[PDB]
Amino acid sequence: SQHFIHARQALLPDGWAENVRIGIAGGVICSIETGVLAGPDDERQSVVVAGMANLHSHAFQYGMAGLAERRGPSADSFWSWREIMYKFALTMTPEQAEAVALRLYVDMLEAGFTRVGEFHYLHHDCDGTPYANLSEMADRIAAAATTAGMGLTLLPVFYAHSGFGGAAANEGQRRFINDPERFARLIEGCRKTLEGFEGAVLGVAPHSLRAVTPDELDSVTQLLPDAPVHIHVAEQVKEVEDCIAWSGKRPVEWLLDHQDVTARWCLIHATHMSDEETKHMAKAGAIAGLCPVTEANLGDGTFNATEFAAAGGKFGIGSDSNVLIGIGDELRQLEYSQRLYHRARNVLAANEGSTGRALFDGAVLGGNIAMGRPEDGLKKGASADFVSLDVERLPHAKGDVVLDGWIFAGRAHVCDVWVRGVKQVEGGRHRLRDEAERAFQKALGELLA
């Protein structure tokens, strides 16, 4: 039946409003009324904001979080990360993958993310042979999301090569590999699995320009022409240099010249762009899939955030390596990367407004577009996906001040979280945290033994 949340303040697309009654029916927002008293059966909340998309995740990497911070003996300071990543990637079973993904999605839900964009490349069995059920590993993701009550935009990854110009994939990549034919069949397995997964979106994820040839890129991005396309691009300086050596062009530039890039596309990282690439990307409408915590943890670089925003570019955030899960963590890192690079404060604020406000609104907006859910948000007809904040330490704080306290000062935290109208998180706790954790610790023990 029809259920009501009454919020003392709620951040709607046209701004903060007070005394907001949000009606929910069949998991959808059926009504929003501002300046009204709570009905006697309304559930009362202090501060309500939209659910955040987590637009880029590799669920299995959550298992290695905190384990890649030892330097090791290599001259290459990235060796330890790849060694740990491939130890997990090459041994994880489907049962383990479901357990890890579940506990990750619980952590994301508890942090206020209501949908995940799972950029999924862990496909085949340990020897690189397909599972009897081709989409087995994607089915585990979907099962994990279903159990969590987490929204899912599933983005199976196309990966065939180890370098520019169609270099053969090496044996370490064997569980990731498909040709376009076997990839289409995998996408078909995913579509069947997602039947009855309410709100699910199925797109495609060419891994990167290194990993895919131009012809393969054409085939993959034509499979589901109305659904999202995600791709890693321009994350590390070495890729830009290699791309130039191969084509005479930088990665984003090359992509914009060879594909019809639109808001259908989400370019993950896009960390190293010229001013011209930044503008063209924004003008094309491609969403920047920013992963600020992972980019810092990997030493990738700093995004051209002010230029991108000034050109009308839109963005979202993704936990990516899943080393550390938090909306405040990601947005704060984005802003602070800018403050250090430009020697300035409140860099990503819009007009003379709040930096937390601009970042939060922006990341919700661009995130939902990248997820294929532009109808979503705190709007009539959107999925009933939203978050209440604990403002016990900010008792008189009016809207934007709440966001800045949350994101910069640690003075608020996520309280309740709803997805499709179902309260998955209460007072910061997911209804299945402890059960998910027990299964996660069992899987970790197996993987690390």
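From 1 onward, residues are counted along the sequence shown.
So 280 to 288 or 357 to 365, which one's hotter by mean CA B-factor in the entry?
Between 280 to 288 and 357 to 365, it is 280 to 288.
Between 153 to 161 and 344 to 352, which has the larger average Cα B-factor in the PDB entry?
That would be 344 to 352.
From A99, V233, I84, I327, residue of greatest CA B-factor
Highest CA B-factor of the listed options: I84.
Report the option among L403, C415, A409, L37 whose CA atom has the maximum B-factor in the deposited record.
Highest C-alpha B-factor among the listed residues goes to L37.
What third of the chain, by the recorded C-alpha B-factor, contains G117?
Answer is lowest: the recorded C-alpha B-factor places it there.
Split into thirds by Cα B-factor across the chain's modelled residues, where does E69 land: lowest, middle or highest?
Middle third of the chain for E69's C-alpha B-factor.
Taking the values exactly as deposited, rank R393 by C-alpha B-factor within its chain and report the matching third: lowest, middle or highest.
It falls in the middle third of the chain.
Could you say whether, by C-alpha temperature factor, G399 belongs to the lowest, middle or highest third of its chain?
Within its chain, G399 is a highest-third residue by C-alpha B-factor, going by the deposited values.
Based on the entry's values, in what third of the chain does the Cα temperature factor of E110 lie: lowest, middle or highest?
As the PDB entry reports it, the C-alpha B-factor of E110 lands in the lowest third of its chain.
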